[PDB]
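This is upload38.txt. It holds compact mmCIF, C-alpha atoms.
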# COMPACT_ATOMS: atom_id res chain seq x y z
CA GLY A 1 16.66 12.00 26.28
CA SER A 2 17.75 14.18 23.36
CA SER A 3 19.01 17.66 22.48
CA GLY A 4 18.24 20.23 19.81
CA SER A 5 14.86 20.62 18.12
CA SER A 6 12.59 17.66 18.84
CA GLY A 7 8.94 16.89 19.54
CA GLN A 8 6.83 16.47 16.41
CA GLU A 9 9.02 13.68 15.04
CA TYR A 10 6.94 10.72 16.21
CA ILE A 11 5.38 9.83 12.85
CA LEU A 12 5.66 12.96 10.71
CA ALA A 13 9.34 12.01 10.61
CA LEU A 14 8.87 8.34 9.72
CA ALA A 15 6.30 9.21 7.05
CA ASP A 16 6.53 8.12 3.42
CA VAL A 17 5.56 9.41 -0.03
CA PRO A 18 2.01 9.33 -1.46
CA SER A 19 0.91 6.58 -3.85
CA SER A 20 0.26 7.08 -7.56
CA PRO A 21 -3.12 8.60 -8.53
CA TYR A 22 -5.84 6.92 -10.59
CA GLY A 23 -8.86 7.60 -12.79
CA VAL A 24 -6.56 9.82 -14.84
CA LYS A 25 -8.20 10.54 -18.19
CA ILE A 26 -8.50 13.33 -20.77
CA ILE A 27 -12.01 14.80 -20.61
CA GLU A 28 -11.35 17.85 -22.79
CA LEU A 29 -8.88 17.21 -25.62
CA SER A 30 -8.03 19.85 -28.22
CA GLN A 31 -5.82 20.17 -31.29
CA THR A 32 -3.34 22.27 -29.33
CA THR A 33 -4.40 21.82 -25.70
CA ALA A 34 -5.26 18.78 -23.59
CA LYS A 35 -7.10 18.62 -20.27
CA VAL A 36 -6.14 15.78 -17.93
CA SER A 37 -8.56 14.91 -15.13
CA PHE A 38 -7.59 12.40 -12.44
CA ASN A 39 -8.65 11.33 -8.94
CA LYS A 40 -6.78 11.60 -5.64
CA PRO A 41 -4.43 8.74 -4.68
CA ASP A 42 -5.94 5.74 -2.89
CA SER A 43 -3.58 6.80 -0.10
CA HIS A 44 -1.22 9.58 0.98
CA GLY A 45 2.37 9.52 2.20
CA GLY A 46 1.34 10.42 5.73
CA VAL A 47 1.57 14.15 5.05
CA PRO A 48 -1.07 16.09 3.07
CA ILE A 49 -0.28 16.36 -0.64
CA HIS A 50 0.79 19.82 -1.79
CA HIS A 51 0.51 19.56 -5.58
CA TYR A 52 0.68 17.19 -8.55
CA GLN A 53 3.60 16.84 -10.96
CA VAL A 54 2.63 16.33 -14.60
CA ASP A 55 5.13 15.38 -17.31
CA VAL A 56 4.13 15.44 -20.98
CA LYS A 57 6.21 14.89 -24.11
CA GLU A 58 5.96 13.66 -27.70
CA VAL A 59 6.36 9.91 -28.18
CA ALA A 60 9.10 10.87 -30.63
CA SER A 61 10.72 13.71 -28.68
CA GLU A 62 13.11 13.18 -25.77
CA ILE A 63 12.25 16.36 -23.88
CA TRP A 64 9.97 16.05 -20.85
CA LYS A 65 7.91 19.12 -19.97
CA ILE A 66 6.91 19.64 -16.34
CA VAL A 67 3.66 21.48 -15.61
CA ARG A 68 2.68 22.19 -12.01
CA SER A 69 -0.86 23.10 -10.93
CA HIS A 70 -2.07 26.11 -8.94
CA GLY A 71 -3.05 24.08 -5.89
CA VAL A 72 -4.13 20.62 -4.77
CA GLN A 73 -6.39 20.33 -7.82
CA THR A 74 -6.52 17.10 -9.82
CA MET A 75 -7.27 18.86 -13.11
CA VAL A 76 -4.82 20.64 -15.40
CA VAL A 77 -4.88 21.82 -19.02
CA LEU A 78 -1.86 21.44 -21.29
CA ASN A 79 -0.84 23.89 -24.01
CA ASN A 80 1.82 24.46 -26.67
CA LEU A 81 1.15 21.23 -28.55
CA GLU A 82 0.95 20.28 -32.23
CA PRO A 83 -2.26 18.98 -33.85
CA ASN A 84 -2.58 15.40 -35.12
CA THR A 85 0.19 14.42 -32.71
CA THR A 86 0.53 12.07 -29.74
CA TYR A 87 2.04 12.83 -26.34
CA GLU A 88 2.76 10.75 -23.24
CA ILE A 89 1.61 12.25 -19.94
CA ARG A 90 1.98 10.93 -16.39
CA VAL A 91 0.37 12.12 -13.16
CA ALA A 92 2.20 11.88 -9.83
CA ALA A 93 1.63 13.00 -6.24
CA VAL A 94 4.23 15.44 -4.89
CA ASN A 95 4.28 16.31 -1.19
CA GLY A 96 6.65 17.51 1.52
CA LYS A 97 8.32 14.11 1.21
CA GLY A 98 8.71 14.26 -2.56
CA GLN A 99 7.49 12.75 -5.82
CA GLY A 100 6.30 9.30 -4.82
CA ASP A 101 5.72 7.42 -8.07
CA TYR A 102 4.34 8.15 -11.53
CA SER A 103 0.92 6.78 -12.50
CA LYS A 104 0.40 4.46 -15.47
CA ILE A 105 1.89 6.37 -18.40
CA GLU A 106 -0.98 7.97 -20.30
CA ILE A 107 -1.04 8.49 -24.07
CA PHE A 108 -3.29 11.09 -25.68
CA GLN A 109 -3.43 12.33 -29.27
CA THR A 110 -4.51 15.90 -30.03
CA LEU A 111 -7.30 16.55 -32.53
CA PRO A 112 -6.49 17.16 -36.22
CA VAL A 113 -6.83 20.85 -37.08
CA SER A 114 -10.24 21.49 -38.63
CA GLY A 115 -10.67 25.25 -38.72
CA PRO A 116 -11.05 28.37 -36.55
CA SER A 117 -14.53 28.96 -37.97
CA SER A 118 -17.05 27.10 -35.82
CA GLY A 119 -18.66 24.35 -37.87
Do you think you could lay out the structure here as structure tokens?
Amino acid sequence: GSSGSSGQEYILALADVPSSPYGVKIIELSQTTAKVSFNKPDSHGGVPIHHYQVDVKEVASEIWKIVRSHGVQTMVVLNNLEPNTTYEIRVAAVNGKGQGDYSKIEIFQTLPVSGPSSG
């Protein structure tokens, strides 16, 4: 029939990448940080997702920053951002196969600095 390593290549070999996530929205937005909460993808690329790839950057800047999570969580907080500024973030599903597709580009604007003294 065949030689070399073979056996578990029935479907796991003809598998595809996971679909783009949904429900993505910023629940906790700050002047410097920004929390992005989303829901699992309506479907997976055959194999179980490993992690999510998030890419955020200023609508004016041309540098995309990649921030990986610490697991299969659908929630991640961003940092190192300027207040009163807007940034475009996109959530994608990355698995053994790879980075399927990016979800509807999201646009969030940090809060305008108010003061360190609770008011």
Identify, on the basis of only C-alpha atoms, every residue whose closest approach to stretch 79-90 of chain A does not exceed 10 Å; exclude the query and any residue fewer than 4 positions from it along the same chain; express the result as a PyMOL selection string. chain A and resi 20-21+24+30-36+53-61+64-67+101-114
Excluding same-chain residues fewer than 3 positions from residue A:93, what lies within 12 Å of it counting all atoms listed in the file, as a PyMOL selection string? chain A and resi 16-22+38-45+47-55+68-69+72-74+90+96-103
Between A:92, A:77, A:71, A:115, single out the one closest to residue A:28, counting all atoms listed in the file.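 Among A:92, A:77, A:71, A:115, it is A:77 that comes nearest to residue A:28.
For the pair atom CA of residue A:75 and atom CA of residue A:37, the interatomic distance is 4.6 Å.
The spacing separating atom CA of residue A:119 from atom CA of residue A:78 amounts to 23.8 Å.
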Length of the atom CA of residue A:91 to atom CA of residue A:63 vector [Å]: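 Atom CA of residue A:63 lies at a distance of 16.6 Å from atom CA of residue A:91.
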